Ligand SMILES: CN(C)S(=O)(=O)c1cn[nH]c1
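Before any questions on binding or motion, here is one chain by itself as structure tokens, the form solved without the named molecule.
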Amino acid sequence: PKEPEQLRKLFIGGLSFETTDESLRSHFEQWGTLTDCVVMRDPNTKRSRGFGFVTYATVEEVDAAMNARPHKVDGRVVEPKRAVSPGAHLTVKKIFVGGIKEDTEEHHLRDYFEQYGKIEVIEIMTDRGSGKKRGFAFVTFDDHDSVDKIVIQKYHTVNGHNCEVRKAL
């Protein structure tokens, strides 16, 4: 029962124009089995478009590749990104966490979310007038991949609450 292919892909931006299917594959195979690996090229000139994609056999392999950033491929530092649910990636480092009610504290959010990435800010939202907890929070990470992993999960359970988590701008 394989994970959906969409969740096993990495977009690789910023390629050297001299990177090929073969050199991209040789590089990224260090972190897992690649079922697909392609450099996007112009249909007439064959000149590289400067980006490509690799598809791993498993999500854990995608994680391994992302944890090995920065990647220098054929002499240039590239920009890998995983897919999240217009074809444009909203690359952000902050999430909204809703449904946490009044009993959820910072350590609850930290203990859970720290396994997705390095946390820089936790903001538990309180009422401007009364100071009472409003039942939602924002978490800011040091890097976008944490957020990307978070928002593709179907479920998040924090402090016994089923939470709604979205990218925050």
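Numbering starts at 1 and runs along the sequence shown.
Chemist: At least a third of the other compared entries: do they leave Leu90 without coordinates?
Modeler: Per the records, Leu90 is modelled in all the other entries.
Chemist: Comparing 70 to 78 with 94 to 102, where is the mean C-alpha B-factor higher?
Modeler: Per the deposited B-factors, the answer is 94 to 102.
Chemist: Between 20 to 28 and 151 to 159, name whichever shows the higher mean Cα B factor according to the PDB entry.
Modeler: The stretch with the larger average C-alpha B-factor is 151 to 159.
Chemist: Maximum C-alpha temperature factor per the entry, among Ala65, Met125, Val54, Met40, belongs to which one?
Modeler: That would be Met125.
Chemist: Which third, lowest, middle or highest, does the C-alpha temperature factor of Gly117 belong to within its own chain?
Modeler: According to the entry, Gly117 has a C-alpha B-factor in the chain's middle third.
Chemist: Would the CA B-factor of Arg110 place it in the lowest, middle or highest third of its chain?
Modeler: It belongs to the highest third of the chain when residues are ordered by C-alpha B-factor.
Chemist: Compared with the other modelled residues in the chain, in which third is the CA B-factor of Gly50?
Modeler: It falls in the bottom third of the chain.
Chemist: Splitting the chain's C-alpha B-factors into thirds, which one does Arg134 fall into?
Modeler: Middle third - that is where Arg134 ends up once the chain's C-alpha B-factors are sorted.
The following text describes the form solved in complex with the named molecule, which does not appear among the structures shown.
Chemist: The named molecule placed by superposing the site C-alphas onto its pose in the bound PDB entry: is the shown form open or blocked, blocked being 3 or more ligand atoms within 2.4 Å of backbone or C-beta?
Modeler: Result: open.
Chemist: Heavy atoms within 4.5 Å of the named molecule in the bound PDB entry: does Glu29 have any?
Modeler: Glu29 lies outside the contact set for the named molecule.
Chemist: Spell out, yes or no, whether the shortest heavy atom distance between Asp36 and the named molecule in the bound PDB entry is within 4.5 Å.
Modeler: Taking the distances in the bound PDB entry, the answer for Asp36 is no, it never comes within 4.5 Å of the named molecule.
Chemist: Using a 4.5 Å cut-off on any heavy atom, which residues of 101 to 123 would contact the named molecule in the bound PDB entry?
Modeler: Heavy-atom contacts within 4.5 Å come from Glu114, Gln115, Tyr116, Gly117, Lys118.
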